[PDB]
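Listed below, chain by chain, are the residues.
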Amino acid sequence: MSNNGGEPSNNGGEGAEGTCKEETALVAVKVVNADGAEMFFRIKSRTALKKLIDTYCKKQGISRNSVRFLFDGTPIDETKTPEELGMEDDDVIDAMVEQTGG
């Protein structure tokens, strides 16, 4: 016996807006989940959140349209927002769910 459900909430907040040169920096990121599943890795500040959400979503077997990546209250999906806002190798991202699809 079981039965649950939630409300809709599409149109999160994409980005896709930035140049590409090279840069030199190292920042560690740790993605946690309300369920417990978490993973941390060291990646260039230039591109960390991108590969983090891309690898987490791709690995989980679900597109990037059902996961809210926030940092200390900063709900954003990109390696530029949290990068320039954090500027630290301790960038954390708490993946939260606010919509049901799969």
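What the deposited record gives as its method is solution NMR.

The name the PDB entry assigns to the protein is Small ubiquitin protein, from the organism Trypanosoma brucei. The title attached to this entry in the PDB is "Solution structure of SUMO from Trypanosoma brucei".

(A) Quick look at the sheet that holds strand 2 (residues 39-43). Read from one edge of the open sheet, four strands run 2-1-4-3, paired in mixed fashion. Whereas interior strands pair on both sides, the edge strands pair on one side only; in this sheet they are strand 2 and strand 3 (68-70). Across this sheet, the average inter-strand angle for adjacent strands is 25 degrees, counted without regard to direction. Bridging between strand 1 (residues 27-33) and strand 4 (residues 90-96) involves six bridges; their strand directions are parallel.

(B) Here's a closer look at the nonpolar core. In this structure, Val29, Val31, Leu49, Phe69 and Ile93 are the most contacted members of the largest nonpolar core, which totals 13 residues. Mapped by element, the contributors of at least two residues to this core are strand 1, helix 1 (49-60) and strand 4. Top contributing element to this core by residue count: helix 1, with five residues. Apart from residues lying up to four places away in sequence, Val29 is in contact with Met39, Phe40, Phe41, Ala48, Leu49, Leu52, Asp89, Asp91 and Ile93.

(C) Summary view of unusual backbone geometry. In the Ramachandran plot, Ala16 falls in the positive-phi region, its phi being about 60 degrees despite a non-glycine side chain. As for its position among the elements, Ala16 is in the segment before strand 1. Judged by relative accessible area, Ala16 falls into the exposed class, the value being 57%. Although it is not a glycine, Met87 sits at a positive phi angle of roughly 65 degrees. Considering the arrangement of structural elements, one finds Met87 in the loop between helix 2 (81-86) and strand 4.

(D) Up close: the pattern of salt bridges. Taken as a whole, this structure holds three salt bridges when the rule is applied. In this structure, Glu38 and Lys30 form a salt bridge, with 3.4 Å as the shortest nitrogen-oxygen distance. For the salt bridge of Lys50 with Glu78, the shortest nitrogen-to-oxygen distance reads 2.9 Å. Here the residue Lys50 occupies a position in helix 1, and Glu78 occupies one in the loop between strand 3 and helix 2, the gap between them amounting to 28 residues. Here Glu78 falls in the buried class, since its relative accessible area comes to 12%.

So, how was this worked out
- Residues numbered from 1 in each chain as written, not as in the entry; some residues may be left out.
- Heavy atoms only, no water.
- Pairing = 2+ DSSP bridges.
- Helix = DSSP H or I, 4+ residues; strand = E, 2+ residues; numbered from the N terminus.
- Axes fitted to C-alpha atoms, helices over the stretch in contact; angles between N-to-C directions.
- Core = buried A, V, L, I, M, F, W, Y, C linked by side-chain atoms within 4.5 Å.
- Buried < 20%, exposed > 50% of the residue type's maximum accessible area, 1.4 Å probe, protein only.
- Contact = heavy atoms within 4.5 Å.
- Salt bridge = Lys/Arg side-chain N within 4 Å of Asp/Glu carboxyl O.

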